[PDB]
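Presented below is the structure to which this report refers.
Every residue, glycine among them, receives a Cβ derived from its backbone with ideal geometry; neighbour counts consider all protein chains shown. Computed from the coordinates by the stated procedures, all read-outs in this text should not be read as laboratory data.
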Amino acid sequence: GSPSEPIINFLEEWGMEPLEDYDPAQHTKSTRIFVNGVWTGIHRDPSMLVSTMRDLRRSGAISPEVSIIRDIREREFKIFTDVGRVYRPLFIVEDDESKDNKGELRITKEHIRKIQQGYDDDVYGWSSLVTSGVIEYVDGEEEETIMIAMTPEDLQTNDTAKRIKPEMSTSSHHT
Amino acid sequence: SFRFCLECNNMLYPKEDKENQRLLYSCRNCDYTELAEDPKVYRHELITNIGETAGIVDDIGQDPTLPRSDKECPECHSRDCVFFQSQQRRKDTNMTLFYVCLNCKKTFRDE
Amino acid sequence: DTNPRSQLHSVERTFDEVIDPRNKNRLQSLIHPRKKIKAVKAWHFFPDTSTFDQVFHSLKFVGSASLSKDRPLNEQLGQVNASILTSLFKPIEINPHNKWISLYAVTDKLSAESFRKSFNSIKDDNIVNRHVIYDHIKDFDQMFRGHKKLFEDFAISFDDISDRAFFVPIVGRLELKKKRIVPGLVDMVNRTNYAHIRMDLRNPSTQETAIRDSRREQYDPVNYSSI
Amino acid sequence: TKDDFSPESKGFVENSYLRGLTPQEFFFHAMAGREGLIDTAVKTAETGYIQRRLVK
Amino acid sequence: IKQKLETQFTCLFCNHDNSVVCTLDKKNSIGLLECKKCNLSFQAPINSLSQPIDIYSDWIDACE
Amino acid sequence: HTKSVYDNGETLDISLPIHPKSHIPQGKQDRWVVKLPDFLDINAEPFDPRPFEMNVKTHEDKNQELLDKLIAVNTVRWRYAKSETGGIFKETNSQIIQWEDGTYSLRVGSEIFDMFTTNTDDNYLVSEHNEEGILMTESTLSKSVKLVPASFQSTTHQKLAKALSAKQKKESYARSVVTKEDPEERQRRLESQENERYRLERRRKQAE
Amino acid sequence: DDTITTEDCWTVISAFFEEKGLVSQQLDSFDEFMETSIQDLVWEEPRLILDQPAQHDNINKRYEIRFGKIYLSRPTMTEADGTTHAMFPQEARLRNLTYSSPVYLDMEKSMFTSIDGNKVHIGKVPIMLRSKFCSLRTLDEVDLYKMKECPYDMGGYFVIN
Amino acid sequence: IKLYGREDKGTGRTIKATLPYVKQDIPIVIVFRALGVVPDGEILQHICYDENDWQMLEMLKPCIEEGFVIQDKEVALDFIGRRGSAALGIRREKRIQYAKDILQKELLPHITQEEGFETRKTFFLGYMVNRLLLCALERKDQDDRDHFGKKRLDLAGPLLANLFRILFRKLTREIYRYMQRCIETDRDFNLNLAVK
Amino acid sequence: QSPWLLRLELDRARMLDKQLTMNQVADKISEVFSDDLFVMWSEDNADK
Ligand SMILES: [Zn+2]
Ligand SMILES: [Zn+2]
Ligand SMILES: [Zn+2]
């Protein structure tokens, strides 16, 4: 459980406009914004907002257990800071097109050796991994909007004993 | 789409003038009355198709969970496209696919 | 940099690094941190001295009370119209429970245009007695929300010749909605408002001008302090 | 990915027990086994009631 | 169709309780409150959503 | 035809005092309403360096002190600048920058905050005349403008993030203490005293 | 860089279990309840008000009491003879006691009059073992043996009777 | 917010909302006007977001037709208050005040509680009605009850908080009763005896 | 008679599939409503 006031402050700072400035005829394409189940405002460029909120959560500014969900089909952008939500950690794959590291795990052998040593080179544990943007928690509702790889071997494209991996030929490419 | 009174904002109901034999829309809380342009007072569709292709948004290409295909766009002729089945989910819904390009976002089918 | 000396030094550093709007080369030197786009035009940001004495409120129409939506009202008042730009509002409250706002405007376009030109050209000490008659148009229900802080909202006005931008404080927001008068109260309604209101333009009295100058003395004392 | 009707995407375990199950097949097979357990534990009481009524 | 219902309201003239019967006629859009002891009759218009509480409140307002 | 309700024709001969304006808008009586962010402040008062230096406040709470420092360094201010010719001029530390795309940005020092404009209809600015109880219109508020930090790397955004991240870290309300005796001792001793004075009071009342 | 293998995944999982543990959710929830939840529950209704317009000379007297801070202590055992001493979970288990700690509340009484209080003990809250308010949170490895506590015990449970 | 009327049954498909401390269901137009939005165009703006969607409009038509009888804020508040399950015979002014109390508070309390802050409640009613109609029109699947992302787990924290809230309210009531009993003596109670 | 026109379009595909005749539908409506309603039906060769 976390207080929702910082979330509202960040949302207002990053261009969200409250309900009294809303007309259904005018904002026929804006995206609604829910915080802990209450409709608090609308936004016209949800993509940059969700990117900013996610980056803030990965940098540790927002509590890592805060759930950030974007429903593109329904034009909604929900945020949860509630208490009692079951989450689990996952690796983060660099999905920025502009980045040279696109489609690769963010965690590298440097992080592994830092973890083994126990300290950084100017205590380094699990929380340091979470706040350094290489691992993040997702709950049962944020999992609806993500594409997960089963193993790091899945991130890149005749024996009778070894098992058979899914072909996954329906998609020309995966992100 | 139905209209409302321009000074009372209430709903205008259809009415017929006996002496003039004309269709009019008249408010009930006010004397405002406006001439009717179309004779289609009421329409009910037993079998409807709305909600099948209307479920389109401009940023549907930002969803990572959607499959990506290589169908040719009639408008942009791009090599990358995203397809999905009908958003309407009645029990007797067809399974036809709707393909959306990343530039023009035109919805089309392979039929 | 919690040292007060450091904060003061930061203040003078910010003051000194102001870019001259006439300096085209230095303006082109500035680049957007993210857009990576050169600057085209600049304006100084200054407060307004002659308007701090007055009280400004942001007035908005909610829902069907939109003047654009009201087609006959817009047609009567003109399809920017000077009549809208010269309208008058009269808040009248019979009791705490019953409250409304009265709207007045100049139906004639020539009279409204002359009044607007006279009002927007007040830079001298000679004002003609423009006995302009205002006609009632409509009444709306009102609600008000106040700003806890003084400068919560501010409206920005521009001045290209001086390359400045003047901002004024906003005290509160007033919302108006269409109100349907109850048929059982029209008898008292006819005794509340008026069919016409006459506005006479006169030069402000010396005492009232001195009071306004004393009010403005909080902001600018160099040019308005009493001697 | 969304809208995937391939056999492996809706619970077709291609492997054998000797070969071993992939995590997705493991989860689907666990779902089916849970359904079997629930069905047994629920139908037993209904059958008992039916037999008691018949005997009476 | 006139509808006759026994109500637990209190008469303001006789002060006897549980002696009020509400008679509403939807066909003519009227509602009658009669005191089983005082024999007083109160008439008020009714709407499509009217209920005995509506006529009771109208009677209360008329009384004061 | 909704007939006009008011036909008495009664008229008020009220004359309003109006003051000349220091500036006049050209071509359009349009103004932009801008919401003030928490990290940005307006100081209409002329900048007085000595009172500012003498009134800087230091607090134990690091988050509050950092927020105050950020708002103070980002506050829009102005001061009188003595011209080289001996005259006095109004000098400000804030400017408005328009880029090639047409967007506008509010600049204080080296900080740049972008402006997001949404068109608003039937929104006007009025001047309040409380002594006469009437409202005089001023101009039209065509656009509502929001102020947004330019980028993550901006110092204002980083300071805000630091302040808000460390603000929610501090949370400890219950204060520990050490118990040296039985917590129930006070209740039992006071009950004994109350029973004693009950017995004494009963005896006194029976003797009274 | 270099590729990430399965052994690196197990290194990361080992780091996770080194920080969190297996019963971290129980302890975290209880620490949250003790640190902040009790105070907010008290402040939900922070005023008890009684008033009296005495005419028996209109003297309107209002008697109001306010609830202040919450003071917590380490679990303590009060014997029959009267002596009180620190209590550790093994003694509570052996003697069928309850591992709980007193809760003290500040009550401030006000006497409003218009003519027209210290740490009071409110109860004992059981303490979850190995939580922030348990006596075993400290004591390192060596002293855990002297107290007859298994170092493999993970806590996360209460001891009632 | 129940949607009455089966497929081709029950005449109009009216929508009746259920409010706390109210004995009977109330049509949605009446509660909308009670919050303070009387014109029908504004209500349709609040509910729908696409005027071309004539299906939801024709679904809403029976509700407007049913609620046409009430055309003012105060009369709507009085109608809400009459069924407010309060004391019988309450005066009209007190009925309206009771309706304002039960409408500001206890109606979507998670949104807000302060005065002059009811526009958000109207917008949320619009959202709820929009969702109800959208699912009724079969355009979306009904919300999955077994979806584990919509569940919450109560650990030691919340459970102990609920229990302690109950027990502390009991203790407060005991202190109140003891204070009432002991003021009769007009004694300086130690306040260390009132508590148990 | 009243000026209010009530018309309805029949799906040609299913109408053919059910092996029905427009005259048959009109006759059924007339039988169930006697002469209370005047009914006209388009020919089978019409577009709709
Ligand atoms: Zn009307
Ligand atoms: Zn394209
Ligand atoms: Zn009687």
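Starting from residues that are closer than 19 Å to H:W54 by Cβ and away from chain H (no Cβ under 14 Å), keep the ones in the stretch B:31-41 and report whichever is nearest to ligand 1 (Cβ to nearest atom). Steps first, please.
Looking only at the stretch B:31-41, we keep the residues that are closer than 19 Å to H:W54 by Cβ, and these are B:36-41.
From the residues that got through so far, the ones that are away from chain H (no Cβ under 14 Å) too are B:36-37, B:39.
Details: B:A36: 17, B:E37: 20, B:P39: 24 Å.
If we take residues in the stretch B:31-41 being closer than 19 Å to H:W54 by Cβ and away from chain H (no Cβ under 14 Å), then B:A36 is nearest to ligand 1 (Cβ to nearest atom).
If you scan the stretch C:13-29, which residues turn out to be more than 7 Å from chain F (Cβ to nearest Cβ) and hydrophobic (A, V, I, L, M, F, W, C)? Listed by number, the list holds a single entry, C:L27. The residue that is nearest to the other protein chains (Cβ to nearest Cβ), among those in the stretch B:4-30 that are in a loop (DSSP other than H, G, I, E, B) and loosely packed, with under 12 Cβ neighbours inside 10 Å, is B:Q21. Kindly indicate whether any position in the stretch F:157-177 is charged (D, E, K, R) and within 7 Å of chain C (Cβ to nearest Cβ). Among the residues of the stretch F:157-177, not one is charged (D, E, K, R) and within 7 Å of chain C (Cβ to nearest Cβ), which makes the answer no. Being surrounded by 13 or more Cβ atoms within 10 Å (Cβ to Cβ), within 30 Å of C:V128 (Cβ to Cβ), more than 7 Å from every other protein chain (Cβ to nearest Cβ) and away from ligand 1 (no atom under 16 Å from the Cβ): is that true of C:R164 here? Yes.
Can you find a residue that is under 30 Å from B:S86 (Cα atoms) and out of contact with any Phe, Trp or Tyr (no Cβ under 9 Å at 6 or more places or on another chain) anywhere in the stretch D:41-56? Within the stretch D:41-56 (the criterion being under 30 Å from B:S86 (Cα atoms) and out of contact with any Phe, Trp or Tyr (no Cβ under 9 Å at 6 or more places or on another chain)), the answer is no, since none of the residues qualifies. Among the numbered conditions (1) out of contact with any helix residue (DSSP H, G or I) (no Cβ under 8 Å at 6 or more places or on another chain); (2) buried (at least 21 other Cβ atoms within 10 Å of the Cβ), the only one that H:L60 does not meet is (1).
Exactly one residue out of B:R109, B:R79 is more than 29 Å from A:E142 (Cα to Cα), charged (D, E, K, R) and within 23 Å of the chain's Cα centre (by Cα): that is B:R109. Comparison of G:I49, G:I38 shows that the only residue that is on the phi < 0 side of the Ramachandran plot, within 11 Å of chain H (Cβ to nearest Cβ), surrounded by 12 or more Cβ atoms within 10 Å (Cβ to Cβ) and in a helix (DSSP H, G or I) is G:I38.
Each residue in the stretch B:62-81 was checked for being buried (at least 17 other Cβ atoms within 10 Å of the Cβ) and either within 16 Å of ligand 3 (Cβ to nearest atom) or under 26 Å from H:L137 (Cβ atoms) (or both), and 2 of them qualify.
Only strands (runs of 3 or more DSSP E) whose full extent lies in the stretch F:1-73 are considered here, and the ones with at least 2 residues that are basic (K, R) are F:30-35.
Are there strands (runs of 3 or more DSSP E) fully within the stretch C:44-122 with at least 2 residues that are over 18 Å from the mean Cα position of the chain (by Cα)? List them.
Numbers: elements: C:55-61, C:88-92, C:100-105.
It comes to C:100-105.
Count of the stretch E:1-44 residues, restricted to those that are closer than 23 Å to H:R91 by Cβ and in contact with a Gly (Cβ under 9 Å, 6 or more places away or on another chain), is 7. Taking the stretch C:50-76 as the range and being crowded, with 21+ Cβ neighbours inside 10 Å and more than 9 Å from chain F (Cβ to nearest Cβ) as the test, the residues that pass are C:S64, C:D70.
Does B:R68 satisfy being more than 16 Å from ligand 2 (Cβ to nearest atom), within 14 Å of chain D (Cβ to nearest Cβ) and not aromatic (F, W, Y)?
Numbers: more than 16 Å from ligand 2 (Cβ to nearest atom): no; within 14 Å of chain D (Cβ to nearest Cβ): yes; not aromatic (F, W, Y): yes.
No, not satisfied.
Can you name every residue in the stretch E:1-52 that is surrounded by fewer than 16 Cβ atoms within 10 Å (Cβ to Cβ), away from ligand 3 (no atom under 16 Å from the Cβ) and among the hydroxyl-bearing types (S, T, Y)? Within the stretch E:1-52, E:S29, E:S48 qualify.
Considering every residue within the stretch H:122-143, establish whether at least one is of a type in the set (A, V, I, L, M), surrounded by 12 or more Cβ atoms within 10 Å (Cβ to Cβ), at the interface with another protein chain (Cβ under 9 Å from one of its Cβ atoms) and assigned to a helix (DSSP H, G or I).
Initial filter on the stretch H:122-143 (of a type in the set (A, V, I, L, M)): H:125, H:128-129, H:132-134, H:136-137.
Pick out the ones that are also surrounded by 12 or more Cβ atoms within 10 Å (Cβ to Cβ) and you get H:125, H:128-129, H:132-134, H:136-137.
The next check asks that each one be at the interface with another protein chain (Cβ under 9 Å from one of its Cβ atoms); those that pass are H:137.
Now restrict to residues that are assigned to a helix (DSSP H, G or I): none.
No, the conditions are met nowhere in the stretch H:122-143.
In the stretch H:79-92, is there at least one residue being more than 10 Å from every other protein chain (Cβ to nearest Cβ), on the phi < 0 side of the Ramachandran plot and in contact with a strand residue (DSSP E or B) (Cβ under 8 Å, 6 or more places away or on another chain)? Yes, that holds for at least one residue. When the stretch F:119-152 is filtered for residues that are at the interface with chain C (Cβ under 7 Å from one of its Cβ atoms) and under 30 Å from F:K69 (Cα atoms), the ones remaining, listed by number, are F:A150, F:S151.
Hey, could you check the stretch G:52-71 for residues that are of a type outside the set (D, E, K, R) and exposed (fewer than 14 other Cβ atoms within 10 Å of the Cβ) and say which is nearest to the other protein chains (Cβ to nearest Cβ)? Break it down into steps so the answer makes sense when it comes.
Step one: of the stretch G:52-71, the residues of a type outside the set (D, E, K, R) are G:52-56, G:58-60, G:63, G:65, G:67-68, G:70-71.
With exposed (fewer than 14 other Cβ atoms within 10 Å of the Cβ) added as a condition, the list becomes G:52-56, G:58-59.
Values: G:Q52: 7, G:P53: 13, G:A54: 10, G:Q55: 15, G:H56: 11, G:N58: 18, G:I59: 12 Å.
My answer is G:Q52.
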